[PDB]
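Here is the structure we will look at.
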Amino acid sequence: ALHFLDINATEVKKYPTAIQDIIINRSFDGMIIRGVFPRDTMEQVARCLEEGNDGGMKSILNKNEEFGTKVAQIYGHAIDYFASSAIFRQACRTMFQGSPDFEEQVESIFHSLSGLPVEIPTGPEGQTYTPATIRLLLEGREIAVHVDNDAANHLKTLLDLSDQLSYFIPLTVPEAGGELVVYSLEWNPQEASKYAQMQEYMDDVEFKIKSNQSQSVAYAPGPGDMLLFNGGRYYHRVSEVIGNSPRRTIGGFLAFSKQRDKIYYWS
Ligand SMILES: [C-]#[N+][C@@H]1[C@@H]2c3c([nH]c4ccccc34)C(C)(C)[C@H]2CC[C@@]1(C)CC
Ligand SMILES: O=C(O)CCC(=O)C(=O)O
Ligand SMILES: [Fe+2]
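FYI, the numbering for the sequence shown is 11 to 89, 98 to 168, 174 to 290, going by UniProt numbering.
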């Protein structure tokens, strides 16, 4: 049983315990927030990436050449890391041009849905984590089915009570495909231990998926819509992009602090 909400960005203050409801109470599993950013800004940022005037973001683009087809090209280092984080935050700041700003708008959303302070995690001696990364899926590319379970790690000491949500906003969407499919099949450490390697386990997960033994919801958010769901708990994939226009998303993760007195968001 998978249950999602679908609200407008203006409605977020009708749901001040949504992040609690998903993570702690587990009363529902995700939501779509329509028009978090404007179409103007999303297209503006996409142009900056396409044209090359991207505040030095191309410098931190990982093409992931040797893991072909079922992975994405990614701007920034996903969890040297601390360097790219600084370049990203600066670059991202440049393109959005505070109209509105990425970090300020996003933190406003997570705050409206929790009533808790929202901060980007910090390193041992003050190094910022990257709040997000930009994922680039070209024609013919997808993201293979996976779960976002648990540096290893400074973060752990700030967090962990005890599910992590995933979030993202499309900058650009493809013609067809590029759909988030979320399955009811969950991460289970007891199921995984049954196999000698993760290769064998993921083959059975794939089997269980293709045998249609699980429920699956599919979402294709439009530019500026945020998808916020329980990626650490449920297996999910982004379907194969169709047509020339790439899928570009800017996304990350979030979780409650150790004391549940904060919300941290990063990528
Ligand atoms: C795409 N992508 C990221 C993850 C990723 C995977 N495999 C990789 C190999 C080399 C570099 C990154 C990945 C998986 C399939 C776990 C991808 C999940 C989604 C990611 C954006 C997570 C940071
Ligand atoms: O499409 C994206 O940006 C990432 C999708 C995903 O797997 C996630 O948000 O956890
Ligand atoms: Fe994911």
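Ideal placement from N, C-alpha and C gives every residue a C-beta, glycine not left out.
Would DSSP call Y25 helix, strand or coil?
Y25: coil per DSSP, three-state reduction.
Rounded to whole angstroms, what's the CA-CA distance from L178 to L203? Just pull it up for me.
A straight-line Cα-Cα distance of about 27 Å links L178 and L203.
What do you reckon, is the C-beta of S132 under 6 Å from a heavy atom of ligand 2?
Flag unset: Cβ of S132 not near ligand 2.
Which residue from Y258, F252, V46, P149 puts its Cα closest to that of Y224?
Across the set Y258, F252, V46, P149, the C-alpha of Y258 shows the shortest separation from the C-alpha of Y224.
Please name the residue, chosen from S234, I265, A241, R49, that lies closest to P118 on a Cα-to-Cα basis.
The candidate whose alpha carbon is nearest that of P118 is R49.
Pop quiz: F47 and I265 are said to be a contact at Cβ under 8 Å. What is the actual Cβ separation, rounded to whole angstroms?
With a Cβ gap of about 24 Å, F47 and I265 do not count as contacting.
Residues bridged to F120 [DSSP beta-bridge criterion]
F120 pairs with nothing; no bridge assigned.
Mind checking whether the beta-carbon of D166 lies closer than 6 Å to any heavy atom of ligand 3?
Result yes, Cβ under 6 Å from ligand 3.
Less than 7 Å between the beta carbons of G40 and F252, yes or no?
A distance below 7 Å separates the beta carbons of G40 and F252.
Just checking my contact of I105 with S69 at CB under 8 Å: how many whole Å lie between their CB atoms?
The Cβ separation is near 6 Å, so the contact holds.
For ligand 1, is there a heavy atom less than 6 Å away from the beta-carbon of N74?
For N74, the distance from the CB to the nearest heavy atom of ligand 1 is below 6 Å.
What residue does the alpha helix (DSSP H) around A56 start on, and which one ends it?
Here the alpha helix (DSSP H) through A56 covers 49–61.
Just mark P142 as buried or exposed, buried being the case when its beta carbon has 16 or more other beta carbons within 10 Å.
Here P142 is exposed: its Cβ has fewer than 16 other Cβ atoms, across all protein chains shown, within 10 Å.
Does at least one heavy atom of ligand 2 sit under 6 Å from the Cβ of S268?
Between ligand 2 and the CB of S268, the shortest heavy atom gap is not smaller than 6 Å.
Given a threshold of 16 other Cβ atoms within 10 Å of its Cβ, counted over all protein chains shown, does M221 qualify as buried or as exposed?
Taking every protein chain shown into account, the CB of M221 has fewer than 16 other CB atoms within 10 angstroms, so this residue is exposed.
Using a 10 Å radius around the Cβ and a threshold of 16 neighbouring Cβ atoms, would you call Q213 buried or exposed?
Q213 is exposed by the Cβ-count criterion.
Have a look at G275, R153, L71 and flag the residue whose alpha-carbon is nearest the alpha-carbon of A82.
Residue nearest to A82 within the set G275, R153, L71 is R153 (criterion: CA-CA distance).
Ordered list of beta strand (DSSP E) runs contained in the segment 202–288, each at least 3 residues:
Counting whole runs of 3 or more residues, the segment 202–288 contains the beta strand (DSSP E) stretches 203–209, 239–242, 249–252, 257–261, 270–279.
Could you check if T20 is buried or exposed, using at least 16 other CB atoms within 10 Å of its CB as the buried criterion?
Exposure of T20 is indicated by the presence of fewer than 16 other C-beta atoms within 10 angstroms of its C-beta.
Assign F106 to one of three DSSP states: helix, strand, or coil.
It is helical.
Quick one: residues in its chain with C-beta nearer than 7 Å to the C-beta of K285, no 5 flanking neighbours on either side, listed in chain order?
Within the same chain, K285 has close Cβ partners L134, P135, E137.
Just tell me which of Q187, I29, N211, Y242 has its CA closest to the CA of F276.
The closest CA to that of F276, considering only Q187, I29, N211, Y242, is found on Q187.
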